[PDB]
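Asks: I'd like to ask you about the structure that follows.
Number of protein chains: 2
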Amino acid sequence: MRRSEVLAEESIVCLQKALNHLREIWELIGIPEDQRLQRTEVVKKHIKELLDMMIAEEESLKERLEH
Amino acid sequence: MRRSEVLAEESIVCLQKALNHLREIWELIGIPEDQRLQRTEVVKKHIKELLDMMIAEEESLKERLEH
Numbered sequence: 001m002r003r004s005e006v007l008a009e010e011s012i013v014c015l016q017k018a019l020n021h022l023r024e025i026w027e028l029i030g031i032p033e034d035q036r037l038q039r040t041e042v043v044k045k046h047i048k049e050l051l052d053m054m055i056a057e058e059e060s061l062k063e064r065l066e067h
Numbered sequence: 001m002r003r004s005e006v007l008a009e010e011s012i013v014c015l016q017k018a019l020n021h022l023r024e025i026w027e028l029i030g031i032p033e034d035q036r037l038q039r040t041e042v043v044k045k046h047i048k049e050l051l052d053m054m055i056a057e058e059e060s061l062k063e064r065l066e067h
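This is the structure in structure tokens:
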């Protein structure tokens, strides 16, 4: 994000912990594995939101310097 | 998430990748870094949302197999 990458790295360290404990819970409760992919696919769409702001941050904020 | 850990691990590759490219844009545009940590803090808060699901999945969805 800025040169303080450490908060973003902690954010995805924390998602790495969380996705492992969610998968221990899967193997423990035995909920259908289709609801779990939709839970992963929404963690991934929040990162697709971060891809969308990024292609806007290069194209459009470089264009804040232009206009 | 389920034992397909891969779909979520690739979600956080793609964030790790994006957050570095967003830091390249920081060194280039020189937009004030307080917008960038608000961008980081919202990426983080989407993982807090995932923490809040998971504590509800162990406490409350393990109790869903109970009752």
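Going line by line, the protein sequences match chains A and B.
If you read the first sequence in my numbering, its first letter stands for residue 1, the second for the next number, and so on.
If you read the second sequence in my numbering, its first letter stands for residue 1, the second for the next number, and so on.
Every residue gets a Cβ at the ideal spot worked out from N, C-alpha and C, and that includes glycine.
1) Is there a C-beta anywhere in chain A that falls below 9 Å from the one on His67(B)?
2) Starting from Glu27(B), trace the alpha helix (DSSP H) both ways and give me its first and last residue.
3) Quick check on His46(B): does DSSP put it in helix, strand or coil?
4) Could you tell me if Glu66(A) is buried or exposed, where buried requires 16 or more neighbouring beta carbons within 10 angstroms of its beta carbon?
5) Given a threshold of 16 other Cβ atoms within 10 Å of its Cβ, counted over all protein chains shown, does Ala8(B) qualify as buried or as exposed?
6) Compute the Euclidean distance between the alpha carbons of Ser11(A) and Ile29(A), then round it to the nearest angstrom.
7) Figure out for me which residue from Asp52(A), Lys62(A), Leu50(A) and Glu27(A) has the closest Cα to the Cα of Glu58(B).
Replies: Once the coordinates are examined:
1) What you label residue 67(B) is simply residue 67 of the second sequence in a count that begins at 1. It does not: the Cβ of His67(B) has no partner Cβ on chain A nearer than 9 Å.
2) Along the second sequence, read from residue 1 onward, the residue named residue 27(B) stands at position 27. DSSP places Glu27(B) in the uninterrupted alpha helix (DSSP H) bounded by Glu5 to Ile29.
3) Along the second sequence, one-based indexing puts residue 46(B) at 46. Note: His46(B) maps to helix in three-state DSSP.
4) One-based indexing of the first sequence puts residue 66(A) at position 66. It counts as exposed.
5) Against the second sequence, residue 8(B) aligns to sequence position 8. Answer is buried; the Cβ neighbour count reaches 16.
6) Start at 1 with the first residue of the first sequence, and residue 11(A) comes out as number 11. Start at 1 with the first residue of the first sequence, and residue 29(A) comes out as number 29. Roughly 26 Å between the two C-alpha positions.
7) Start at 1 with the first residue of the second sequence, and residue 58(B) comes out as number 58. Ranking the options by Cα distance to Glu58(B), first place goes to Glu27(A).
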